[PDB]
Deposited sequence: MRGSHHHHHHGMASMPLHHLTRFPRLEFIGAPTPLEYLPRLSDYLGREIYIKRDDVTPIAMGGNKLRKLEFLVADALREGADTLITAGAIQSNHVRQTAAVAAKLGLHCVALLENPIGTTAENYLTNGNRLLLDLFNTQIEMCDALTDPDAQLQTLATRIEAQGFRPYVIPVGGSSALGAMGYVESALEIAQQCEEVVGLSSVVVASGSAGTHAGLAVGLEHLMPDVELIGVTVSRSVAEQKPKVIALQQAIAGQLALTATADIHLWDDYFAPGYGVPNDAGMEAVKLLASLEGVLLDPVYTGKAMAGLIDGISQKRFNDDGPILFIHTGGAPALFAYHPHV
């Protein structure tokens, strides 16, 4: 590796659990393991915290007093960023959109959005995040003009820097699995930092394992370029090469980002009832539905054990109830 060049804050501490799922395994007729990255100590957890360890460390080095990011009203990333800002005495400004055009009260005011208010997040609404990076720059300039020193975190925290958090996650995965068959790894692939980070990390640590990203917002055609771009950026900045192909399945997110679907909700119900594990309607439920259908369709490279990366998202359950 030799990746320990980048400054980082310790938000997690201990490696997150890697667990066997004996009831799901028995039901599916396949060995399933889970990386519990939904279990991190800050504000109901999630994958974005691993990214923020690097991103907020960078922010501090720059002497920032404000964090600015963007996402949907129910963004897990925004909530995790708001919580970290609170913890560190930093202001937080969030640029928020309603990506599904709902007026359902729990989507609008409960779940992750409720938490934002608890963290004293400054909320800026926009009609659509059509150009996130650009819109974030305009906000940052406005906030700076008010007398603050802002630091911009991209949507999903998915820069090459943010993605370092998932290179780190792979190291944990590597050591946690050295006593396991191993065949495949499944993760939700959205803003792509998690996917890319694991891609780089797993190429070097567990080259025999197939990494599958189940998309939550885009076709394979729209997503692969994003993931490759980040994979190569991470690789360069760690003085490695990344030659592994990127595997994506885009069948499991219709009709769009932040809209639940039946396979997704049924995946949520299955994991909850068989294992007492909570997924979410936007991300992990869709990714899991992808895993299950992979077994249905004999879609994995071989029939060996599968590792699902639980990236979090469960507070959205309370926003999506009863419907959107």
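Q) Wait, which stretches of the deposited chain are just not there in the structure? A) 1-17, 197 are the stretches of the deposited chain that have no C-alpha coordinates in the structure.
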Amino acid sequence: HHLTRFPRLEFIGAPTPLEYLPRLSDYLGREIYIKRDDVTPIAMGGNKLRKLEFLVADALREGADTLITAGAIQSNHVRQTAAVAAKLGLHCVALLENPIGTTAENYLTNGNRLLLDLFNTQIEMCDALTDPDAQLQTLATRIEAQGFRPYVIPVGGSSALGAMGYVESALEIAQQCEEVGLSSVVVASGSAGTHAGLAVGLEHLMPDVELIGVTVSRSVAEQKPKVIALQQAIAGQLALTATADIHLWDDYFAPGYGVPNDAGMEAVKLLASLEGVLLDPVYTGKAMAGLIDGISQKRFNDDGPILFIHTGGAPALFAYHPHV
From here on, numbers count along this sequence of modelled residues.
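Q. What stretch has the higher average Cα B-factor here, 236-244 or 67-75?
A. Going by the record's values, the stretch with the higher mean is 236-244.
**Q.** 296-304 set against 17-25, stretch whose average Cα temperature factor tops the other in the entry
**A.** Stretch with the greater average CA B-factor: 296-304.
Q | Peak C-alpha temperature factor (PDB record), options 249, 107, 148, 253 | A | Of 249, 107, 148, 253, 148 has the highest C-alpha B-factor.
Q | Options 195, 91, 224, 87 - largest CA temperature factor per the record | A | That would be 224, according to the entry.
Q. Which third of the chain does residue 179 land in by C-alpha B-factor: lowest, middle or highest?
A. Ranked within chain, residue 179 CA B lands in the highest tercile.
Q | Assigned third (lowest, middle, highest) for the C-alpha B factor of residue 172 | A | Tercile = middle for this residue's CA B-factor.
Q) When the modelled residues of the chain are sorted by Cα temperature factor, does residue 48 land in the lowest, middle or highest third? A) Within its chain, residue 48 is a middle-third residue by C-alpha B-factor, going by the deposited values.
Q) Going by the entry, which third of its chain does the Cα temperature factor of residue 139 land in? A) Answer is highest: the recorded C-alpha B-factor places it there.
Q: Could you look up the Cα B-factor of residue 214 in the entry and say which third of the chain it sits in: lowest, middle or highest?
A: As the PDB entry reports it, the C-alpha B-factor of residue 214 lands in the middle third of its chain.
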